[PDB]
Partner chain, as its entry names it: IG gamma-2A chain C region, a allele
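The chain below stands alone, shown as structure tokens; this is the form deposited without its partner chain.
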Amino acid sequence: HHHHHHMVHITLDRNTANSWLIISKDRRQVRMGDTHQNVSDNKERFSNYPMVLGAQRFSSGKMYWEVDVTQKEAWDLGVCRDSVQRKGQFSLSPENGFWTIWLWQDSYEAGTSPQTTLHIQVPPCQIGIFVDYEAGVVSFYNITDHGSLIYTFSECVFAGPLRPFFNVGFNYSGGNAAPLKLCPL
């Protein structure tokens, strides 16, 4: 792809984080802690899952960023509406305001309803995410495999400002402690 020139500098919004997440000083990395991280609760925090939003809001234009997923067993990545549900149980779907892909139990899937199987020959260590607001497109790229396309959501109905979306996943196995990292431009 040739989307790299739309690169944006994403930072994580501490106030939206699940209370077990640990965000680095530079707000560019996040991992699952082994306990509650001693923060107050608020209506913005994701309660049920290890999720956090980017601070940046997008309502127009073309945006691109990259995320490092090295040595993770489970994660979700993409964008979501600013007004997505934060509390209780929900599925990641465009009907609920999410445009995402994930790794789970050694398979990759797009967060459609129902979910769509992805075909990845080279397990990615870094994911590129492209958003074209006006066109209604969210695309995912395999940076480890020379930028090959993973998935395109088209005919998106964003219906609000968008925020970068992250889920570091649970670590029940002891094999999923590694962080998500926003990669440098």
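Positions refer to the first chain, counted from 1.
What comes next is about the form solved in complex with its partner chain, which is not displayed.
Enquirer: Counting any non-hydrogen atom inside 4.5 Å, which residue from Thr70, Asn48, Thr152, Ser60 sits next to its partner chain in the entry with it bound?
Expert: If I apply the 4.5 Å criterion carefully, the residue I get is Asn48.
Enquirer: Is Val79 near its partner chain? Define near as a heavy atom within 4.5 Å, in the entry with it bound.
Expert: Outside the cut-off, so no.
Enquirer: With the partner left out of view, is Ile143 within 4.5 angstroms of its partner chain in the entry with it bound by any non-hydrogen atom?
Expert: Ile143 lies outside the contact set for its partner chain.
Enquirer: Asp34: heavy atom within 4.5 Å of its partner chain in the entry with it bound?
Expert: The answer is yes: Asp34 has a heavy atom within 4.5 Å of its partner chain.
Enquirer: State yes or no: in the entry with it bound, is some non-hydrogen atom of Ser24 no more than 4.5 angstroms from a non-hydrogen atom of its partner chain?
Expert: Flag for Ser24 set to no.
Enquirer: When its partner chain is placed as it is in the entry with it bound, which of 126-134, 155-163, 62-70, 48-56 ends up with heavy atoms within 4.5 Å of it?
Expert: In short, 48-56.
Enquirer: From first to last in sequence, which residues of 85-105 have any non-hydrogen atom within 4.5 angstroms of its partner chain in the entry with it bound?
Expert: Result: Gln89, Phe90, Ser91, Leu92, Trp102, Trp104, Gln105.
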